[PDB]
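# Chains, contacts and geometry: an overview
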Amino acid sequence: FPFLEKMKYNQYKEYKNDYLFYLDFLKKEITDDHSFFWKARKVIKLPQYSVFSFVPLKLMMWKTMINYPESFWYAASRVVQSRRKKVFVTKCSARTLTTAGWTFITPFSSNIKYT
Amino acid sequence: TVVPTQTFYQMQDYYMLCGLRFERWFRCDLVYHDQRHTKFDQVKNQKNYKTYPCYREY
Amino acid sequence: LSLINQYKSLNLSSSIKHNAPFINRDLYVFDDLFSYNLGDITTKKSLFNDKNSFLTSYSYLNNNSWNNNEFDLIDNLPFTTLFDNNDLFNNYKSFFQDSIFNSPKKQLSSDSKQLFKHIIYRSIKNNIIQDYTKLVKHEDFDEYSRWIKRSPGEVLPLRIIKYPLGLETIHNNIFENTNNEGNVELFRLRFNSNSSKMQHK
Amino acid sequence: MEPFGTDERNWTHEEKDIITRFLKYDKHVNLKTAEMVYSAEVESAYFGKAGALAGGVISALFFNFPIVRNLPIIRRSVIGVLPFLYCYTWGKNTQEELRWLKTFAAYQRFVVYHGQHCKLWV
Amino acid sequence: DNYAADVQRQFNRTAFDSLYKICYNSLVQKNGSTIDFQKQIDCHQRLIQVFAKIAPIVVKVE
Amino acid sequence: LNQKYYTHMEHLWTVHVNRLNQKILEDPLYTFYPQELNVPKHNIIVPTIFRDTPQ
Amino acid sequence: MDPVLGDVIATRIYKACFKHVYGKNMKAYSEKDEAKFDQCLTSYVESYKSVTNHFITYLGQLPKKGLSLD
Amino acid sequence: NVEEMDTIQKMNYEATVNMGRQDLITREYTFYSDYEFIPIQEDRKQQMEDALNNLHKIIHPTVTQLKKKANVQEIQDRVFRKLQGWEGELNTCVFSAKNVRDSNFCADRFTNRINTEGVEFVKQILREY
Amino acid sequence: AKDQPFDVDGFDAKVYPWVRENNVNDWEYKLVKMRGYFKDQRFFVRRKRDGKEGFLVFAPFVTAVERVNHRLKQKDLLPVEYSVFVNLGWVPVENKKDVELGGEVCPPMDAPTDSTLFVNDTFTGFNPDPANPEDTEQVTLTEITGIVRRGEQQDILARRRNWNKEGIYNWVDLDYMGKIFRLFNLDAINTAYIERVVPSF
Amino acid sequence: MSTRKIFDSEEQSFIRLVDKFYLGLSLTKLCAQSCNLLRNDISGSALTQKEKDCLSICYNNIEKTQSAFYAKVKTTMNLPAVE
Amino acid sequence: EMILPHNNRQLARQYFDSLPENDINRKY
Amino acid sequence: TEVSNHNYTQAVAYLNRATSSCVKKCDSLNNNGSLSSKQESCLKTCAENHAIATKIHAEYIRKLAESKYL
Amino acid sequence: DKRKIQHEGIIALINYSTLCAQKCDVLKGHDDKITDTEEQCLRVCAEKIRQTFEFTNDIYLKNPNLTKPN
Amino acid sequence: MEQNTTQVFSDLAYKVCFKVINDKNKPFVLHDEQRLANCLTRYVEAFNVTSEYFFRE
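Residues numbered from 1 in each chain as written, not as in the entry; some residues may be left out. Chains lettered and ligands numbered in written order. Part of a larger assembly, values for the part shown. Heavy atoms only, no water.

As annotated in the PDB entry, chain A carries the name Cytochrome c oxidase subunit 1 and is attributed to Tetrahymena thermophila SB210.

What follows is the structure, encoded as structure tokens:
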């Protein structure tokens, strides 16, 4: 999903029709410009390294990805062994995504808030 | 009963009755709303407490 | 295009020295008219008028006059002590809790500027003391709130309201109201005091 | 506030101008209504100039149309200006129509804002 | 400049104006519209003498 | 023009003479003076100090 | 405040007492006049205290927000 | 006083005081676009209240001796039509009032209408019943 | 060569005399000593001085402010700023980066000796108080002496043509400068600009 | 009685002088009214012997009561020291 | 409308006061 | 809530003017150093009236300035 | 200085305006509207003040000996 | 100086209006507050008229 957010590059959309200050925009400090940083998903106690790379394992060799005509979902589809075989855990996180039976009952059927 | 239930007693849902009763109460309130704390139950001397005239309709 | 012949007179002094009701200021006697023991005056000192209002004006100029004090610190009055009198101290705190008796220097300066503009324009009509900017003011009130609702039209100055009859049948009396004179009331007068005031929810 | 009916006089040019300038600059007009009138004035101004320019362009060509180019000068000029007159009238009428319709909408908004219409309440 | 002299000049002008106002208030009658100019001048001179005698007594650094 | 404004002015002059006969020299009900002859409106309206009701 | 404000208050008190004592009897100074000035000062101070008390009490008892009482 | 009341009594007293202090809070929030008018002064308010009390004094014996709410409401409706015409006149004349002198003139006219024409109209009505 | 500068303070600092009289022809090349404070933004116009390629540097110069907000505690409005363009000077092409944003043109004016001058001016609205009790009205005034210059016009044959979209400017377009810098007194700015002059060296 | 250091020495002295000046004007008016100088029967810009005697009495009373009364007011007010 | 009597500038009366003594209006 | 030195001085000035006017109105100096009951009642009434008048006058001045702004 | 001259002129304006207001008896409480009679009285009072000041400035300019040091 | 002028104006207004309104030394009421406001308005209008007449009128 970081590859989906285009608001990340919204700054460059300012100067596509306004070159006047574009050079000034190029004199800024690069923090996350044309780069992706994933925060640590694990506690690693290695003081010798200041920063730990948490790039997904399938996104490391851009060459392999530069000629593949598919979305980046391969790096996110079933890449972890962790599972939670519990009834109470939420497998949808989108409680509204359902139906109201063959008898369309309202407002349940007729509102995006519920369905 | 100031506003009878029999006006819309045929309906099990009291939506029209709710509207009618609230209409009557709001007329009473518009008559008496600003005198409540000087002439009615909201006075400081509660020994002189007099019931607000729209209590029953409310 | 709006500045063709709108500003012909610009020196307020040139109009003050002529039409104001005061003695001409070029009289050499003013140099040594009376005798005073001024002492040492090493800085330019300006006299402020009125027997009552002069000191306040000086208090307005001094920056040290705008140091905020807690009520515990200012717990004394010129002939009254407030720490011993708890009721008077509480009333003193409440009195200073009023926004009109504790206005900041910006509020005082705005009031001074507006009053001075009123005095200058309503007297000289020079039209250079007024705001050079043309202001167009519109009320942008958010009507999508359920706690503040303005009044469409107005709450009219006087409204005559009929007291409903027969609302109460507790003791077979149809007249809810009775004035001090002992007479039953059929009508009521409701007055609107503040036009711009909102109505409480 | 205005009278309503068939026998009532339609809004005159002077009344329309007065009400427009009232909605634009009065203190009792909210910012939304004033913005409505301002946007009415901004967008409508294009239509009159556009219609006049289009009529001028067409009539320049229509002055040399295969039959028009072979007519005596008086008839040629009248027939040539007929497109210009029509397009200029269209531009001016459309500009006035758009501006006055949005101004009348703003006037309705002002009337409802100050509760100056009977049979209209919240 | 002579700040003391300027302060003295301001004091003299203010005293002149105040005494003139006192005389005008004293000698005006019939809701205004009636005052004697020579009488006003004479009263102003008398009050000027009074304030000249009083000023050293009161106006002094303590 | 004479037809229309003759009837209209006849009514107007009848009203004028009727109000002159009664020595009514004030202005009629729909006289709108120019701004130099109009009373300015007093903006400053200080509301009365709020005070808790004893009752 | 500033002590010069106390001096201004002293000036007002002196003016009031001088008007009270010598306003209608423009006579020479005496020890009786000294006693009268002391009495006028005492009366003015008591009046100032009473006026301050009532002024602050009235301007302090006017409601300005919702009563809380903690 | 507050020190002489228990916790519940203090709660009730604070409740009554706060319910009385509604208008005070609303005094802070004023609208710019509203049409300001000079309000009816307190003396004129009291005079109009006295005129209404005089009308009620005239009305009281008849309505209190009347045993029919229909008749009492008919009397109220007629008197209210008259008083409402006069009230509309007063509101029209007060909203356009340029100053307190104009407001006082309008209020005095309304009070005189109540005290002169109102009493006669009410007396004729009550003589009908 | 006479070096007698007309003072720009007071009402003339709010609406300029040349703007007010529309007689910049009678005001061109006349020294004026104006008081006010500069803005941060700088404008560069391609120009050669003494045969060296460079840029004329202009900066908005706020000569007056107006505070139209009566709700001082509730709302912190932006003051209406009356400004004129001041030609700060000329910098060679290689040193264009050496021009600083918000840099001080010259040392500010000294604190006035008179204690009655530490208030907001009636016309300019400026308070020359180094420690203003109101932190939202503190201003560091500055005095600049310079000649009055009329704005330039486009003349392609003279090679003064500016591509506003591409950021290349060869002639002083006061209208575009005001529009881009979001200044208020657009007409007064278009009237003329002041070229700062220093007493030799 | 809450006293703070607001005015410096010279400014405080000048404000004291201003207060003394306005007290002097008020006492001038008071002496004139008490000695009957502001009457409507004034004949010229001069003071008669009776007026001069009354004014001299007024000056004597002012001189013999100013400092003592000021000190007494200072003591009865009892303003705390500023520090 | 109704111009209040204290606010009523009797302009008509003014024109009636400037009228000659023989005009038909005075007869009216 | 913290009060400025200028606001404290203004409160003292209000007290001074109220005291001066009340003394002049009620003749409180016509005592032996202690106020009479009638003079005390008159001083209380005058102080309350001065409090009301001070509040109304300050509100009027503020509204005049605001109407200049508005 | 020009600023001080302006200050003195405006102060004199205020003082004589309130002098005319007191003398003409235009301050009342029944209404806030100053009638035409009171307005004319105020204008006549201002005219008389202007005449008196003109006479005073004329006589003081010609013969300074009338006003001298002390 | 302008602040001093405005202070003098306001203080004179208060003094004269309270002299006029508080003449019987009766306790004030809401109508008395309104009368004080009317007196202040009268003072301001009198100042307007007098100053206008002073400046060429």
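### What about the overall build of chain F?
Regarding its fold elements, chain F presents 1 helix and 0 strands. Dimensions of chain F along its principal axes, counting C-alpha atoms only, are 70 × 30 × 20 Å. For chain F, buried positions account for 24% of its 55 residues. Surface summary for chain F: the accessible area is close to 4,400 Å², and the carbon and sulfur share equals 60%. Mean positive and mean negative side-chain charge positions of chain F (5 and 5 charges, respectively) differ by 2 Å. (Helix = DSSP H or I, 4+ residues; strand = E, 2+ residues; numbered from the N terminus. Buried < 20%, exposed > 50% of the residue type's maximum accessible area, 1.4 Å probe, protein only. Areas by Shrake-Rupley, 256 points an atom, 1.4 Å probe, with all protein chains shown as cover. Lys, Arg positive; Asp, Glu negative; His and termini not counted. Charge placed at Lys NZ, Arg CZ, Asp CG, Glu CD.)

### Looking at unusual backbone geometry
Of all residues except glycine, most have a negative phi; of all peptide bonds, most are trans. Here the bond from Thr106 of chain A into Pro107 of chain A is cis, since omega is 0 degrees, no more than 30 degrees from zero. Within the secondary structure, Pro107 of chain A sits in the segment after α3 (62–66). In this model, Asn127 of chain C sits at a positive phi of 65 degrees, which is unusual for a non-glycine residue. If you trace the backbone, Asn127 of chain C turns up in the loop between α4 (105–124) and β4 (158–162).

### Let's talk about the arrangement of the chains
Considering every one of the 38 pairs of chains in contact, the largest contact total is recorded for chains C and H. Separating chain F from chain I is a minimum C-alpha gap of 15 Å, and the two share no contact. What separates chain A from chain K at the closest point of their C-alpha atoms is a distance of 55 Å, and the two make no contact. (Contact = heavy atoms within 4.5 Å.)

### Description of the packing of aromatic side chains
Within this structure, the stated rule accounts for 88 aromatic pairs over all chains. Between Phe30 of chain C and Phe16 of chain E the ring centres are 5.2 Å apart and the planes differ by 80 degrees, which places this aromatic pair in the edge-to-face class. Note that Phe30 of chain C is positioned in the loop between α1 (12–19) and α2 (54–61) and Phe16 of chain E in helix α1 (residues 3–27), a pairing that runs across two chains. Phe16 of chain E matches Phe30 of chain C in its accessibility class, with the two residues each being buried. (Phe/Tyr/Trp six-rings, centres within 6.5 Å; stacked < 30°, edge-to-face > 60°.)

### Points about a positive patch on the surface
On the surface, a cluster of positive charge is made up of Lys51 of chain C, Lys19 of chain G, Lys29 of chain J, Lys24 of chain L together with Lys15 and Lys19 of chain N. Examined against the element boundaries, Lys51 of chain C turns out to sit in the loop between α1 and α2. In this structure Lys51 of chain C comes out as partly exposed when scored by relative accessible area, which is 44%. (Patch = residues over 30% accessible without salt bridge, like charges linked within 9 Å, V, L, I, M, F, W, Y side chains within 5 Å. Salt bridge = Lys/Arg side-chain N within 4 Å of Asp/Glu carboxyl O.)

### Some remarks on the side chain of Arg42 of chain I
Residue and element names in this part refer to chain I. Within the secondary structure, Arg42 sits in the loop between β2 (31–38) and β3 (43–49). Buried within the structure, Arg42 lacks any salt-bridge partner; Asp40 is the closest side chain of opposite charge, at an N-O distance of 5.9 Å. Separated by 2.4 Å, the side chain of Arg42 and the backbone oxygen of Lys39 make a polar contact. Among the polar contacts made by the side chain of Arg42, one reaches the main-chain carbonyl oxygen of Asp40 at a distance of 3.0 Å. Each residue touching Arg42, except ones within four places of it in the same chain, is listed here: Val57, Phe58, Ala59, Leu88, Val99, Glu100, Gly102, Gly103, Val105 and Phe181. (Polar contact = N/O pair within 3.5 Å; in protein donor to acceptor, adjacent residues only side chain to side chain.)

### Looking at the interface of chain H and chain C
Chain H puts 40 residues into the contact, and the matching count from chain C is 37 residues. In this assembly, chain H packs against chain C so that about 3,800 Å² is buried in total across both faces, 67% of it on carbon and sulfur atoms. Considering only the side of chain H, the residues that lose the most area to chain C are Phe31, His56 and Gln76 of chain H, jointly responsible for 18% of the buried surface there. Remark: the boundary between chain H and chain C carries 2 salt bridges. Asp77 of chain H is the salt-bridge partner of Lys162 of chain C, the closest N and O atoms lying 2.8 Å from each other. On inspection of chain H and its partner chain C, the count reaches 15 residue pairs in polar contact. With 13 residues, helix α4 (residues 69–95) of chain H is the single largest residue contributor to the side of chain H that touches chain C. When the residues that make up the side of chain H that touches chain C are grouped by side-chain class, the tally is 19 nonpolar, 11 polar and 10 charged. (Buried area = accessible area lost by both parts, 1.4 Å probe. Nonpolar A, V, L, I, M, F, W, Y, C, P; charged D, E, K, R; others polar.)

### Comments concerning empty space enclosed by the protein
Throughout the structure, instances matching the rule amount to 9 cavities of 30 Å³ or more. Contributing elements (two or more residues each) for the lining of the largest cavity: α3 (86–96) and α4 of chain C, α1 (5–26) and α2 (37–69) of chain L together with α1 (2–21) of chain N. By residue number, the principal contributor to the lining of the largest cavity is α1 of chain L, which donates 6 residues. Per-class residue counts for the lining of the largest cavity are 10 nonpolar, 12 polar and 4 charged. In this structure, the second largest cavity encloses a volume near 380 Å³. Along its surface, the second largest cavity is lined by 28 residues, and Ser109 and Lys113 of chain C together with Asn120, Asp121 and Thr122 of chain I are the ones closest to its centre. Looking at the lining of the second largest cavity, the elements with two or more residues in it are α4 of chain C, β4 (52–66) of chain I together with α1 of chain N. Among the elements that make up the lining of the second largest cavity, the one with the highest residue count is α4 of chain C (7 residues). Within the lining of the second largest cavity, the residues separate by chemical class into 9 nonpolar, 9 polar and 10 charged. (1 Å grid on protein atoms, 1.4 Å probe; cavity = no way out; pocket = protein on both sides within 12 Å on 5 of 7 lines; lining within 4 Å. Points joined across faces, edges and corners; volume = space filled by probe spheres on them.)

### Section: helix α1 (residues 2–21) of chain F
An ideal rise of 1.5 Å per residue puts 28 Å on 20 residues; α1 of chain F measures up with 27 Å between its terminal C-alpha atoms. The first or second residue beyond α1 of chain F is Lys23 of chain F, which carries a positive phi of 60 degrees. (Expected span 1.5 Å × (residues − 1).)

### Here we look at the pattern of salt bridges
Residues and elements named next belong to chain H. Considering all chains together, one arrives at 58 salt bridges over all chains under this definition. Between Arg113 and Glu117 there is a salt bridge, and its shortest N-O distance comes to 3.8 Å. Residue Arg113 and its partner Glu117 are located together in helix α5 (residues 100–128), separated by 4 residues, close to a single helical turn. Note on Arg113: relative accessible area 22%, which makes it partly exposed.

### Topic: a nonpolar patch on the surface
There is a patch of nonpolar side chains on the surface, built from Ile73, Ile74, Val78, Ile79, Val81, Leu82, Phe84, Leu85 and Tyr88 of chain D and spanning about 770 Å² of accessible area. Mapping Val81 of chain D onto the fold places it in helix α3 (residues 73–113).

### Some thoughts on the interface of chain N and chain M
Chain N puts 26 residues into the contact, and the matching count from chain M is 31 residues. For the pair chain N and chain M, the two sides together bury roughly 2,600 Å², of which 70% comes from carbon and sulfur. Counting the surface chain N buries against chain M, the share from its top three residues, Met1, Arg42 and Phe54 of chain N, is 30%. Linking chain N to chain M there are 2 salt bridges. Between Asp31 of chain M and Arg42 of chain N there is a salt bridge, and its shortest N-O distance comes to 2.3 Å. Our enumeration of links across chain N and chain M arrives at 8 residue pairs in polar contact. Mapped onto the side of chain N that touches chain M, the elements with two or more residues apiece are α1 and α2 (30–54) of chain N. The leading source of residues in the side of chain N that touches chain M is α2 of chain N, at 14 residues.

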